[PDB]
file work.tsv (TSV, C-alpha atoms and all ligand atoms)
chain	number	residue	atom	x	y	z
A	1089	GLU	CA	17.93	15.93	50.43
A	1090	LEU	CA	16.79	14.53	47.09
A	1091	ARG	CA	20.08	12.82	47.68
A	1092	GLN	CA	18.17	10.80	50.26
A	1093	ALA	CA	15.53	9.46	47.82
A	1094	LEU	CA	18.09	8.61	45.10
A	1095	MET	CA	20.82	7.05	47.25
A	1096	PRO	CA	19.06	3.70	47.59
A	1097	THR	CA	18.85	3.28	43.80
A	1098	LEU	CA	22.62	3.76	43.60
A	1099	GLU	CA	23.20	1.32	46.46
A	1100	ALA	CA	21.11	-1.22	44.48
A	1101	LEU	CA	23.55	-0.97	41.59
A	1102	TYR	CA	26.62	-1.27	43.78
A	1103	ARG	CA	25.20	-4.36	45.51
A	1104	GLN	CA	25.22	-6.35	42.24
A	1105	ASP	CA	28.14	-8.75	42.26
A	1106	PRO	CA	29.89	-9.25	40.05
A	1107	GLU	CA	27.86	-7.17	37.59
A	1108	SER	CA	28.77	-3.81	39.05
A	1109	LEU	CA	32.49	-4.68	39.11
A	1110	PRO	CA	33.30	-3.25	35.67
A	1111	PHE	CA	31.44	-0.11	36.72
A	1112	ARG	CA	32.87	0.75	40.16
A	1113	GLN	CA	35.75	3.04	39.02
A	1114	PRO	CA	36.42	5.02	35.85
A	1115	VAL	CA	37.38	2.87	32.94
A	1116	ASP	CA	41.22	2.81	32.92
A	1117	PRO	CA	42.15	2.12	29.31
A	1118	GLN	CA	45.93	2.13	29.85
A	1119	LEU	CA	45.63	-0.50	32.56
A	1120	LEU	CA	43.10	-2.69	30.73
A	1121	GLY	CA	45.05	-2.31	27.46
A	1122	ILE	CA	42.16	-0.79	25.48
A	1123	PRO	CA	43.60	2.41	23.97
A	1124	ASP	CA	40.55	2.97	21.66
A	1125	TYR	CA	38.20	3.50	24.58
A	1126	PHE	CA	38.31	7.33	24.66
A	1127	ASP	CA	37.93	7.42	20.85
A	1128	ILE	CA	34.54	5.69	21.23
A	1129	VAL	CA	33.31	6.92	24.63
A	1130	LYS	CA	33.42	10.74	24.45
A	1131	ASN	CA	31.83	11.26	27.90
A	1132	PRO	CA	32.87	8.57	30.39
A	1133	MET	CA	30.85	7.82	33.53
A	1134	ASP	CA	30.92	5.32	36.36
A	1135	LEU	CA	29.41	4.64	39.80
A	1136	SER	CA	32.25	6.33	41.72
A	1137	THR	CA	31.68	9.57	39.75
A	1138	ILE	CA	27.88	9.36	40.25
A	1139	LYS	CA	28.39	8.77	44.00
A	1140	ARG	CA	30.76	11.76	44.30
A	1141	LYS	CA	28.37	14.04	42.33
A	1142	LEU	CA	25.51	12.81	44.49
A	1143	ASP	CA	27.35	13.35	47.79
A	1144	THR	CA	28.64	16.79	46.84
A	1145	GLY	CA	25.13	18.03	45.94
A	1146	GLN	CA	25.63	18.13	42.17
A	1147	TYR	CA	22.23	16.61	41.32
A	1148	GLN	CA	19.67	19.40	41.76
A	1149	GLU	CA	16.86	17.51	40.00
A	1150	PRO	CA	16.21	13.74	39.74
A	1151	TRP	CA	16.50	13.67	35.92
A	1152	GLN	CA	20.12	14.85	36.23
A	1153	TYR	CA	21.03	11.72	38.21
A	1154	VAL	CA	19.07	9.40	35.90
A	1155	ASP	CA	20.96	10.98	33.00
A	1156	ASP	CA	24.37	10.04	34.45
A	1157	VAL	CA	23.20	6.48	35.28
A	1158	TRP	CA	22.15	5.89	31.69
A	1159	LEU	CA	25.26	7.62	30.37
A	1160	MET	CA	27.22	4.91	32.18
A	1161	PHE	CA	24.96	2.17	30.69
A	1162	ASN	CA	24.83	3.58	27.14
A	1163	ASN	CA	28.61	3.97	27.11
A	1164	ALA	CA	29.05	0.31	27.98
A	1165	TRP	CA	26.51	-0.97	25.42
A	1166	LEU	CA	28.31	1.17	22.83
A	1167	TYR	CA	31.87	0.13	23.58
A	1168	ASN	CA	31.39	-3.59	24.29
A	1169	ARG	CA	30.13	-6.26	21.88
A	1170	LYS	CA	26.68	-7.78	22.38
A	1171	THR	CA	28.30	-11.18	23.04
A	1172	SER	CA	30.64	-9.83	25.74
A	1173	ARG	CA	30.69	-10.20	29.47
A	1174	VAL	CA	30.71	-6.48	30.23
A	1175	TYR	CA	27.78	-5.88	27.84
A	1176	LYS	CA	25.75	-8.53	29.67
A	1177	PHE	CA	26.69	-7.14	33.09
A	1178	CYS	CA	25.49	-3.72	31.93
A	1179	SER	CA	22.16	-5.25	30.92
A	1180	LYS	CA	21.73	-6.61	34.43
A	1181	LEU	CA	22.37	-3.30	36.06
A	1182	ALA	CA	19.84	-1.64	33.75
A	1183	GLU	CA	17.20	-4.17	34.81
A	1184	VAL	CA	17.88	-3.51	38.48
A	1185	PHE	CA	17.76	0.25	38.01
A	1186	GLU	CA	14.43	0.17	36.17
A	1187	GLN	CA	13.02	-1.68	39.19
A	1188	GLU	CA	14.43	0.70	41.85
A	1189	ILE	CA	13.97	4.08	40.05
A	1190	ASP	CA	10.32	3.72	38.99
A	1191	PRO	CA	8.63	3.91	42.38
A	1192	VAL	CA	11.13	6.56	43.49
A	1193	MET	CA	10.37	8.68	40.42
A	1194	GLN	CA	6.68	8.44	41.26
A	1195	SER	CA	7.11	9.62	44.86
B	1	LIG	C1	32.69	-0.47	31.60
B	1	LIG	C2	33.43	-0.73	30.28
B	1	LIG	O1	32.95	-0.42	29.20
B	1	LIG	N1	34.69	-1.17	30.37
B	1	LIG	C3	35.48	-1.24	29.12
B	1	LIG	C4	35.70	-2.70	28.81
B	1	LIG	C5	36.04	-3.41	29.97
B	1	LIG	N2	36.63	-4.63	30.04
B	1	LIG	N3	36.72	-4.96	31.28
B	1	LIG	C6	36.28	-3.96	32.05
B	1	LIG	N4	36.42	-3.88	33.39
B	1	LIG	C7	36.27	-4.88	34.26
B	1	LIG	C8	35.74	-6.12	33.91
B	1	LIG	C9	35.59	-7.09	34.89
B	1	LIG	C10	35.91	-6.78	36.21
B	1	LIG	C11	36.48	-5.59	36.56
B	1	LIG	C12	36.63	-4.62	35.58
B	1	LIG	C13	35.88	-2.97	31.26
B	1	LIG	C14	35.31	-1.69	31.57
call {"tool": "encode", "arguments": {"input": "work.tsv", "output": "structure tokens"}}
result
Amino acid sequence: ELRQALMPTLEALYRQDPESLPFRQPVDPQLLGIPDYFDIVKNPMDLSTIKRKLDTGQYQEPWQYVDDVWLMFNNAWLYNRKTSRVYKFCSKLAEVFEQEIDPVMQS
């Protein structure tokens, strides 16, 4: 529905390699060895969760989807250092999103 207008913006994020790679599944702190992650990031989000919410009709307005996208970005800028790989990958996704979402959010 509105799913149809938003889906391409989400595909644009997925298509970034390798920059989407830290963002494809939920952060798995046990596996990565980062036990402080849930102390810092109170509300985790990732592409796989946004894609499920999108497919199951959980975004009723466009701002709800944009909110989860930026929750994913803001979480990563918070947790990771400015000098870090994952922080820089997040910056690239945010550039790509700005480009894709703007004309969609006009139409
Ligand atoms: C998104 C985020 O804030 N993560 C916590 C730190 C971190 N370190 N490494 C990752 N995940 C990752 C990095 C490169 C490739 C695949 C997964 C992550 C995920």
call {"tool": "closest_atom_pairs", "arguments": {"input": "work.tsv", "of": "chain A", "to": "ligand LIG 1 (chain B)", "cutoff": "9 Å", "atoms": "all atoms listed in the file", "output": "CSV"}}
result
residue,atom,partner,partner_atom,distance
A:1106,CA,B:LIG1,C10,7.6
A:1107,CA,B:LIG1,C10,8.2
A:1108,CA,B:LIG1,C10,8.2
A:1109,CA,B:LIG1,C11,4.8
A:1110,CA,B:LIG1,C12,3.6
A:1111,CA,B:LIG1,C1,5.3
A:1112,CA,B:LIG1,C12,8.0
A:1113,CA,B:LIG1,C12,8.4
A:1114,CA,B:LIG1,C1,7.9
A:1115,CA,B:LIG1,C14,5.2
A:1116,CA,B:LIG1,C14,7.5
A:1117,CA,B:LIG1,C3,7.5
A:1120,CA,B:LIG1,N2,6.8
A:1122,CA,B:LIG1,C4,7.5
A:1125,CA,B:LIG1,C3,7.1
A:1129,CA,B:LIG1,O1,8.7
A:1133,CA,B:LIG1,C1,8.7
A:1134,CA,B:LIG1,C1,7.7
A:1160,CA,B:LIG1,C1,7.7
A:1161,CA,B:LIG1,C1,8.2
A:1163,CA,B:LIG1,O1,6.5
A:1164,CA,B:LIG1,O1,4.2
A:1165,CA,B:LIG1,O1,7.5
A:1166,CA,B:LIG1,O1,8.0
A:1167,CA,B:LIG1,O1,5.7
A:1168,CA,B:LIG1,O1,6.0
A:1173,CA,B:LIG1,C8,7.9
A:1174,CA,B:LIG1,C5,6.2
A:1175,CA,B:LIG1,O1,7.6
A:1178,CA,B:LIG1,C1,7.9
call {"tool": "closest_residue", "arguments": {"input": "work.tsv", "among": "A:1094, A:1158, A:1184, A:1102", "to": "residue 1135 (chain A)", "atoms": "all atoms listed in the file"}}
result
A:1102
call {"tool": "atom_distance", "arguments": {"input": "work.tsv", "atom1": "CA of residue 1182 (chain A)", "atom2": "CA of residue 1096 (chain A)"}}
result
14.9 Å
call {"tool": "closest_residue", "arguments": {"input": "work.tsv", "among": "A:1093, A:1172, A:1141, A:1156", "to": "residue 1190 (chain A)", "atoms": "only C-alpha atoms"}}
result
A:1093
call {"tool": "atom_distance", "arguments": {"input": "work.tsv", "atom1": "CA of residue 1159 (chain A)", "atom2": "CA of residue 1183 (chain A)"}}
result
15.0 Å
call {"tool": "residues_near_point", "arguments": {"input": "work.tsv", "point": "(25.7, 5.6, 41.5)", "cutoff": "8 Å", "atoms": "only C-alpha atoms", "output": "MDAnalysis selection string"}}
result
chainID A and resid 1095 1097:1099 1101:1102 1134:1139 1142 1157
call {"tool": "closest_residue", "arguments": {"input": "work.tsv", "among": "A:1162, A:1091, A:1119, A:1187", "to": "residue 1140 (chain A)", "atoms": "only C-alpha atoms"}}
result
A:1091
call {"tool": "atom_distance", "arguments": {"input": "work.tsv", "atom1": "CA of residue 1100 (chain A)", "atom2": "CA of residue 1185 (chain A)"}}
result
7.4 Å
